[PDB]
Amino acid sequence: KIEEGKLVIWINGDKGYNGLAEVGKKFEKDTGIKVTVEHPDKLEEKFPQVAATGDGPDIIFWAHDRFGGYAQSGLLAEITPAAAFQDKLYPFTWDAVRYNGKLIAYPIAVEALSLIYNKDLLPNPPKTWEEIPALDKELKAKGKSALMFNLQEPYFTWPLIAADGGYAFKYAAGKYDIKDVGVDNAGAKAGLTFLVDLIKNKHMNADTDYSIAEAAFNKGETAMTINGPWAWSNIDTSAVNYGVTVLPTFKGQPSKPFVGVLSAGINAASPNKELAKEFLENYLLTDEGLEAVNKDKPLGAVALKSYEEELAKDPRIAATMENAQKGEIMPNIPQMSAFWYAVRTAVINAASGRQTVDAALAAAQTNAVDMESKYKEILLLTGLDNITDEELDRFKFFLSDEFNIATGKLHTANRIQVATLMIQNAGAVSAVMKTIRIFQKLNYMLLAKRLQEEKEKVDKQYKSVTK
Ligand SMILES: OC[C@H]1O[C@H](O[C@H]2[C@H](O)[C@@H](O)[C@@H](O[C@H]3[C@H](O)[C@@H](O)[C@@H](O[C@H]4[C@H](O)[C@@H](O)[C@@H](O)O[C@@H]4CO)O[C@@H]3CO)O[C@@H]2CO)[C@H](O)[C@@H](O)[C@@H]1O
Ligand SMILES: [K+]
Ligand SMILES: [K+]
Ligand SMILES: [K+]
Ligand SMILES: [K+]
Numbered sequence: 001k002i003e004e005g006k007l008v009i010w011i012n013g014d015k016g017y018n019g020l021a022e023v024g025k026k027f028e029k030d031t032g033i034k035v036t037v038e039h040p041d042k043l044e045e046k047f048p049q050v051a052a053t054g055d056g057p058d059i060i061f062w063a064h065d066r067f068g069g070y071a072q073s074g075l076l077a078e079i080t081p082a083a084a085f086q087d088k089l090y091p092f093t094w095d096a097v098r099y100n101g102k103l104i105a106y107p108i109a110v111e112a113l114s115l116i117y118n119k120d121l122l123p124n125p126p127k128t129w130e131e132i133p134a135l136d137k138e139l140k141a142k143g144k145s146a147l148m149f150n151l152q153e154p155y156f157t158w159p160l161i162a163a164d165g166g167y168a169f170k171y172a173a174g175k176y177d178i179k180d181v182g183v184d185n186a187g188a189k190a191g192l193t194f195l196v197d198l199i200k201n202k203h204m205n206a207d208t209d210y211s212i213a214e215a216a217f218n219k220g221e222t223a224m225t226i227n228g229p230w231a232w233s234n235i236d237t238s239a240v241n242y243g244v245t246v247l248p249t250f251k252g253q254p255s256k257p258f259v260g261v262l263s264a265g266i267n268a269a270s271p272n273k274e275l276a277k278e279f280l281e282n283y284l285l286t287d288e289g290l291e292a293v294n295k296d297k298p299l300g301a302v303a304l305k306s307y308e309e310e311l312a313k314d315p316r317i318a319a320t321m322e323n324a325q326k327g328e329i330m331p332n333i334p335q336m337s338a339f340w341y342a343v344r345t346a347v348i349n350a351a352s353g354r355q356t357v358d359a360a361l362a363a364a365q366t367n368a369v370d371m372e373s374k375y376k377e378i379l380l381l382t383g384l385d386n387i388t389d390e391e392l393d394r395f396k397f398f399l400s401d402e403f404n405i406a407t408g409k410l411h412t413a414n415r416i417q418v419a420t421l422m423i424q425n426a427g428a429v430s431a432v433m434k435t436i437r438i439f440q441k442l443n444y445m446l447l448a449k450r451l452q453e454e455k456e457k458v459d460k461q462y463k464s465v466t467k
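Going by our numbering, the sequence shown opens with residue 1, and the numbers climb by one from there.
In structure tokens form, the structure reads like this:
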């Protein structure tokens, strides 16, 4: 369904898509091939929907965190740049777009949130979050506010939640442990409570979103905002003289923004892959190409070594990198989707007074991992990992109905692969129930009960945070 001979590109509306079009135009006059740049709303949700059915754009732009989910769903084409090209970019940017050992996208630029302040309202920005209430009290007397930023997206509140100990998934022994979520520890509670207190004490508003915060700062109504490099262009256009600096500390600890790598993935169902690779490697990822995008809306610290050498002289880029080095790279695991939705809900509910901080974060911890992932853990860790290889052979025998080239493929499959195939075939609930029935057929009554009990535990947890 994807038209061959042209390039369709999806990029978020807050990025420099006009500049990217200019790169596309130059790419056209050099090979006669049309390049269309679109910025549909909720593209990071639309893409896994429309690309699963073989459609969608040829190239999708987003921060790297979404791409692992896409890759697990087989939506992305593996990219293979020559080592000569790989040397052109910083190694850590390639690290961000690597999933299960394979490169699943081209890294473009490194983004981190910074504290943006109005130099005319506030010559010396605060070093701590704790100073902010007093600063607000002072500025309110002048008819201004201290700080306004997007409270509707958890990306912006995360640096504060993570400052004193909050985290997404524990990284240990070279992998993210999805059984170890840190959105409900003492550090997370402390961070979110402080934000909620700012609202209760009338220093912020719960309903503040991106557009409200941007307008307020760019009109000189608020002394500070929190935003990324993509926002600098609009501030340049405004009458506000601004500085970009390190985020305030909380409890003596640096704010820890999630570091995003803007990345370009290629649709696995695209007939223009080779064209897409050519566009990215030879037109976009060049000094001239990146400059075109960057002049529309700043990219931050770009992945291209040669161009970044120039951009790094910018004090705003230095501030971006300082904040990034105090932060954490976003995990790209498929569970990141569930994580973000959960924390988004937690922050919104707590800020609005709908839930207490404790109840909101308790719910977020349970919801940070999707049911299918948890059910897969039951099937694999509690079920298959508790039986021998010979017992696994007896198990696979009962999987002959769900024909899956069981002649040789199923006989070769390891435990993870067996679990994946059952869930892919019947859905998570049916896969776990079938595993239980097979264990009961093999007379593993004890093991089957343990699976039932674990399933009951998971279901009860989800139930206790819904109403
Ligand atoms: O619940 C309803 C909302 O859901 C949709 O947004 C989701 C996304 O689908 C998730 O992917 C996630 O979003 C993350 C995002 O993945 C992450 O990269 C980061 O996004 C930054 C981005 O890196 C940066 O370049 C810049 O564009 O700002 C972004 C943040 O605004 O952080 C996101 C989370 O805040 O979670 C959200 C929901 O929280 C849908 O798009 C929404 O319209 C919908 O309301
Ligand atoms: K993901
Ligand atoms: K405010
Ligand atoms: K300005
Ligand atoms: K502090």
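In this text, a Cβ means the ideal position worked out from N, Cα and C, and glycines have one as well.
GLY260 and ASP65: beta carbons closer than 8 Å? On the sequence shown, residue 260 is found 260 positions in, with the first residue counted as 1. On the sequence shown, residue 65 is found 65 positions in, with the first residue counted as 1. Going by C-beta atoms, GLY260 is nearer than 8 Å to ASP65.
DSSP puts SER430 in a beta bridge; with which residues? Here residue 430 refers to the residue found at position 430 of the sequence shown. DSSP, once it has assigned bridges, lists no residue as partnering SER430.
DSSP-derived helix/strand/coil call for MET371: The residue you call residue 371 lines up with position 371 of the sequence shown. Three-state result, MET371: helix.
Is there at least one non-hydrogen atom of ligand 5 closer than 7 Å to the beta-carbon of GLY252? Here residue 252 corresponds to residue number 252 of the sequence shown, with the count starting at 1. Because some heavy atom of ligand 5 lies under 7 Å away, the Cβ of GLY252 counts as near it: yes.
Name the DSSP beta bridge partners of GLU111, please? Residue numbering aside, residue 111 sits at position 111 when the sequence shown is read from its first letter. Under DSSP, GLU111 shares a beta bridge with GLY260.
Check whether the Cβ atoms of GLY69 and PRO334 sit closer than 8 Å, and answer yes or no. To locate residue 69, count along the sequence shown from 1; it is residue 69. To locate residue 334, count along the sequence shown from 1; it is residue 334. Contact: yes.
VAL369 vs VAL244 beta-carbon contact at 8 Å: Translated into positions along the sequence shown, residue 369 becomes position 369. Translated into positions along the sequence shown, residue 244 becomes position 244. Against a cut-off of 8 Å, the Cβ pair of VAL244 and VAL369 comes out as no contact.
Does the stretch 372 to 388 come close enough to the stretch 416 to 424 that 3 or more CB-CB pairs lie under 8 Å? yes
Which one of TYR155, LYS175, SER238 and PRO248 has the shortest CA to CA distance from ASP209? Position 209 of the sequence shown, counted from the first residue, corresponds to residue 209. For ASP209, the nearest C-alpha among the options comes from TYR155.
Could you pull the start and end residues of the alpha helix (DSSP H) that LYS46 belongs to? Start at 1 with the first residue of the sequence shown, and residue 46 comes out as number 46. Looking at the DSSP string, the run of the alpha helix (DSSP H) that includes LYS46 is 43 to 50.
Helix, strand or coil for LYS170? Go by DSSP, reduced to three states. Along the sequence shown, one-based indexing puts residue 170 at 170. The answer is strand: DSSP assigns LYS170 an E or B state.
Taking 7 Å as the cut-off, does the CB of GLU45 come closer than this to any heavy atom belonging to ligand 1? As a first step, residue 45 is located in the sequence shown; it is residue number 45 there, counting from the start. Yes, ligand 1 has a heavy atom inside 7 Å of this Cβ.
So for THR36, helix, strand or coil by DSSP? For the purposes of this step, residue 36 is taken as the residue at position 36 of the sequence shown. Note: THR36 maps to strand in three-state DSSP.
What is the C-beta distance between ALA71 and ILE104, in whole angstroms, given that I count them as a contact (C-beta under 8 Å)? Here residue 71 is taken as the residue at index 71 of the sequence shown, counted from 1. Here residue 104 is taken as the residue at index 104 of the sequence shown, counted from 1. Sure, about 5 Å apart at Cβ, within 8 Å.
Exposed or buried, which one is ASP58 when buried takes at least 16 other CB atoms within 10 Å? Against the sequence shown, residue 58 aligns to sequence position 58. Answer is buried; the Cβ neighbour count reaches 16.
Is the beta carbon of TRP230 sitting closer than 8 Å to the one on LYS295? On the sequence shown, position 230 is the one that residue 230 refers to. On the sequence shown, position 295 is the one that residue 295 refers to. Contact flag unset, no.
Would you mind reading off the limits of the alpha helix (DSSP H) that contains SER211? Here residue 211 corresponds to residue number 211 of the sequence shown, with the count starting at 1. That run of the alpha helix (DSSP H) goes 210 to 218.
Using DSSP with H/G/I as helix, E/B as strand and the rest coil, what is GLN253? If you number the sequence shown from 1, residue 253 lands on position 253. Three-state DSSP puts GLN253 in a strand.
What is the DSSP secondary structure of residue 486, counted as helix, strand or coil? The structure shown does not extend to residue 486, since the chain is modelled only from 1 through 467, so no value can be given for it.
Take residue 474 and list the residues in its own chain whose beta-carbon comes closer than 6 Å to its own, dropping the five residues that flank it on each side. What the structure shows of the chain is the stretch from 1 to 467, and residue 474 is not part of that stretch, so it cannot be assessed.
With a 10 Å radius around its C-beta and 16 neighbouring C-beta atoms as the bar for buried, classify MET148 as buried or exposed. Here residue 148 refers to the residue found at position 148 of the sequence shown. So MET148 ends up on the buried side.
Taking the alpha-carbon positions, what's the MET336 to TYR90 distance? To locate residue 336, count along the sequence shown from 1; it is residue 336. To locate residue 90, count along the sequence shown from 1; it is residue 90. Straight-line Cα distance between these residues: approximately 24 Å.
Give me, in chain order, the residues of the same chain whose beta-carbon lies closer than 6 Å to that of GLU291; leave out the 5 immediate sequence neighbours on both sides. Residue mapping note: residue 291 aligns to position 291 of the sequence shown, counting from 1. Excluding residues within five positions, none has a Cβ falling inside 6 Å.
Quickly, what does DSSP pair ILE9 with across the bridge? List them, please. Working through the sequence shown from its first residue, we reach residue 9 at position 9. Looking at the DSSP assignment, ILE9 forms a beta bridge with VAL37 and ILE59.
Taking all protein chains shown into account, do 16 or more other C-beta atoms lie within 10 angstroms of the C-beta of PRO125, making it buried, or fewer, making it exposed? Taking the first residue of the sequence shown as 1, we reach residue 125 at position 125. Classification of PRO125: buried, given that the 10 Å Cβ count is 16 or more.
Give the list of continuous alpha helix (DSSP H) stretches no shorter than 4 residues that lie fully inside the stretch 406 to 466. 409 to 412, 415 to 426, 428 to 441 and 445 to 463
Determine whether the beta carbon atoms of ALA360 and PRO257 lie at a separation below 8 Å. Taking the first residue of the sequence shown as position 1, residue 360 is located at position 360. Taking the first residue of the sequence shown as position 1, residue 257 is located at position 257. Taking 8 Å as the cut-off, the Cβ atoms of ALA360 and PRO257 do not count as close.
Around ligand 3, what residues have a beta-carbon under 5 Å from a heavy atom of it, in chain order? Selection output, chain order preserved: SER145, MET148 and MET204.
With distances taken between CB atoms, is the gap from residue 472 to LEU7 smaller than 8 Å? Outside the shown range of the chain, which is 1 to 467, sits residue 472, and nothing can be said about it.
I need the straight-line Cα distance from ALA77 to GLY265, nearest angstrom please. Reading the sequence shown from its first residue, position 77 is the one you call residue 77. Reading the sequence shown from its first residue, position 265 is the one you call residue 265. Their Cα atoms are separated by approximately 8 Å.
From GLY174 to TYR99, what does the alpha carbon distance come to, in whole angstroms? By 1-based counting over the sequence shown, the position of residue 174 is 174. By 1-based counting over the sequence shown, the position of residue 99 is 99. Spanning the two alpha carbons is a distance of roughly 13 Å.
What are the partner residues of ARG354, as DSSP defines its beta bridges? Position 354 of the sequence shown holds residue 354. Per DSSP, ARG354 has no beta bridge partner at all.
Measuring straight from C-alpha to C-alpha, what distance separates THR193 and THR225? For the purposes of this step, residue 193 is taken as residue 193 along the sequence shown, with counting starting at 1. For the purposes of this step, residue 225 is taken as residue 225 along the sequence shown, with counting starting at 1. Taking the straight line from one Cα to the other gives about 19 Å.
Rank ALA362, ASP197, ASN282 and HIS203 by C-alpha distance to the C-alpha of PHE85 and give the top, closest one. Position 85 of the sequence shown holds residue 85. When each option's Cα is compared against that of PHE85, the closest is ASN282.
Here's the rule: buried if 16 or more other CB atoms are within 10 angstroms of the residue's CB, otherwise exposed. What is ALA163? As a first step, residue 163 is located in the sequence shown; it is residue number 163 there, counting from the start. With 16 or more Cβ atoms within 10 Å of its Cβ, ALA163 is classed as buried.
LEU446 to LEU410, Cα distance in whole Å? Translated into the one-based positions of the sequence shown, residue 446 becomes position 446. Translated into the one-based positions of the sequence shown, residue 410 becomes position 410. Those two C-alpha atoms are separated by around 26 Å.
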